[PDB]
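Following: one structure in structure tokens, then a few remarks.
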Amino acid sequence: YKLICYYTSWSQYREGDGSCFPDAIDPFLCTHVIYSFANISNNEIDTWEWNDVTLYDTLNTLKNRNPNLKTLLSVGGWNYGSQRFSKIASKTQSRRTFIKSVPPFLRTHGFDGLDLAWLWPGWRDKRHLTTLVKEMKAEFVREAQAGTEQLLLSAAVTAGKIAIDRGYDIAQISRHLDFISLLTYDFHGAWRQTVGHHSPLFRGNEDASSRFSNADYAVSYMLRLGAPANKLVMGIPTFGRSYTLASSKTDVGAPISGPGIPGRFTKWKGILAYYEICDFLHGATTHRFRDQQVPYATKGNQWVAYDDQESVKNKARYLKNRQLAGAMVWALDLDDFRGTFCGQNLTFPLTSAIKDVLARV
Ligand SMILES: CC(=O)N[C@@H]1[C@@H](O)[C@H](O)[C@@H](CO)O[C@H]1O
Ligand SMILES: *[C@@H]1O[C@H](CO)[C@@H](O)[C@H](O)[C@H]1NC(C)=O
């Protein structure tokens, strides 16, 4: 079973204990660590942060401690034009330039492959996404002739039906990809004027505006679309999402004035790391949606949807039973990586609970 963990570039900048460098990653925790994100510049893969060459190097020396660890570099992200990606892929020359640039860059910096994170193709883009994956793989195949173990190619794929139908020819891209990380934790929109969980496993009985907005739909759907189970990796989040409440109403349907206030360390409205959530729980009322099998918490006018050890293990069982290829965790810097916040003296609590489950019979 694969355990694929994202590491994010910009976590280095967080104040105090929030600051995470690739140092702090336990090298036997994951099977693949993916570094996010790389830029594209002059139609070629490139560094984002001023010091990526160093961080890349810090990450790839984790391989000294664990020679089986695979690392990938992810290109794209959200800070990065979908429009910018589109431009590069929908033209034969710029697509060629990009593709030729990738293996030497990966080889130089000691990575084992590439993760495409185009978020997200438009309906005009679907055809070019397919050509790019195809052509990128054939390039990795042709470079394997020079003696080194073949570069892996993976892709990050949104878990909303609408976005999938729009941008992704799953049947086609699954053939050339080594795995697909399904992004099963963005199921509760911004437009929404109410509380809700963003990574529910099941739909849950109370009312279904969508019966599609849960991990299980998304998984069944990708299988139906023709991704083999053995290339599919289910995304499990390590963060929560917070909402400022609009009234004293707190349960299903409860109205919302907007996103919840910034976390002390992550400093971004609407999101908390798991280590900020562990502290938030002191003084909170906690509940579990029975149907959706994920928890939420609330205190003052703040309401948080999150994943805990129980829920994350539960998702890991689900994927085992479904015979998927593994889990994808977003992200290591948002787990309790110091191991000091969540009571028990355990570093990467969420990610280890998954790993532990992945190893069971
Ligand atoms: C700029 C910033 O600090 N916000 C990041 C956000 O970009 C990222 O999506 C999230 C999960 O990786 O972690 C937050 O801390
Ligand atoms: C990424 O590359 C673009 C296109 O070349 C460039 O103009 C931009 O400044 C780069 N972004 C960063 C953060 O380096």
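All Cβ positions, even for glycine, are placed from backbone atoms using ideal geometry, and neighbour counts span all protein chains on display. What is reported rests on the model, the rules as stated and the sources as named; no laboratory read-out is quoted.
Whether a residue is within 16 Å of ligand 1 (Cβ to nearest atom), β-branched (V, I, T) and either under 26 Å from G122 (Cα atoms) or surrounded by 16 or more Cβ atoms within 10 Å (Cβ to Cβ) (or both) was assessed, and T97 does not pass this test. Is it the case, given these coordinates, that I4 is more than 14 Å from ligand 1 (Cβ to nearest atom), in a strand (DSSP E or B), in contact with a strand residue (DSSP E or B) (Cβ under 6 Å, 6 or more places away or on another chain) and among the hydrophobic types (A, V, I, L, M, F, W, C)? Yes. Among residues of the range 14-53 being away from ligand 1 (no atom under 16 Å from the Cβ) and among the hydroxyl-bearing types (S, T, Y), the one that is farthest from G110 (Cα to Cα) is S41. Might you check whether a residue that is over 23 Å from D23 (Cα atoms), out of contact with any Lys or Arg (no Cβ under 8 Å at 6 or more places or on another chain), crowded, with 16+ Cβ neighbours inside 10 Å and in contact (Cβ under 8 Å) with a residue 60 or more places away in the chain occurs anywhere in the range 321-336? Yes, because at least one residue in the range 321-336 is over 23 Å from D23 (Cα atoms), out of contact with any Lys or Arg (no Cβ under 8 Å at 6 or more places or on another chain), crowded, with 16+ Cβ neighbours inside 10 Å and in contact (Cβ under 8 Å) with a residue 60 or more places away in the chain. For the range 23-36, filtering for residues that are over 18 Å from the mean Cα position of the chain (by Cα) and either under 17 Å from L153 (Cα atoms) or part of a loop (DSSP other than H, G, I, E, B) (or both) leaves 3. Condition first: of a type outside the set (G, A, S), outside any strand (DSSP E or B) and buried (at least 24 other Cβ atoms within 10 Å of the Cβ). Can you find one or more residues in the range 239-248 that meet it? Scanning the range 239-248, I find no residue that is of a type outside the set (G, A, S), outside any strand (DSSP E or B) and buried (at least 24 other Cβ atoms within 10 Å of the Cβ), so the answer is no.
Scanning the range 261-279 for residues that are of a type in the set (A, V, I, L, M, F, W, C), farther than 15 Å from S311 by Cα, free of Cβ contacts under 8 Å to residues at least 60 places away in the same chain and buried (at least 21 other Cβ atoms within 10 Å of the Cβ) turns up just one, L272. The residues in the range 25-56 that are in contact (Cβ under 8 Å) with a residue 60 or more places away in the chain, near ligand 2 (Cβ under 10 Å from one of its atoms) and of a type in the set (S, T, N, Q) can be counted, and the count is 0. Has the range 5-24 got any residue that is surrounded by fewer than 19 Cβ atoms within 10 Å (Cβ to Cβ), within 16 Å of ligand 2 (Cβ to nearest atom), in the same structural domain as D115 (by CATH) and closer than 30 Å to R360 by Cβ? Looking through the range 5-24, at least one residue is surrounded by fewer than 19 Cβ atoms within 10 Å (Cβ to Cβ), within 16 Å of ligand 2 (Cβ to nearest atom), in the same structural domain as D115 (by CATH) and closer than 30 Å to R360 by Cβ.
Under the condition of being β-branched (V, I, T) and in contact with a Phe, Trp or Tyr (Cβ under 8 Å, 6 or more places away or on another chain), the residues counted in the range 61-79 number 2.
Residues of the range 284-317 that are touching a strand residue (DSSP E or B) at 6+ places or on another chain (Cβ under 8 Å), surrounded by fewer than 19 Cβ atoms within 10 Å (Cβ to Cβ) and not aliphatic (A, V, I, L, M): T285, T286, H287, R288, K299, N301, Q302, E310. Within the range 54-96, the set of residues being polar (S, T, N, Q) and in contact with a helix residue (DSSP H, G or I) (Cβ under 8 Å, 6 or more places away or on another chain) comprises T58, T71, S86, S90, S94. Of the listed requirements (1) assigned to a loop (DSSP other than H, G, I, E, B); (2) loosely packed, with under 15 Cβ neighbours inside 10 Å, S220 misses just one: (1). Filtering the range 69-115 to residues that are of a type in the set (V, I, T) and under 22 Å from the mean Cα position of the chain (by Cα) leaves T71, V75, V102.
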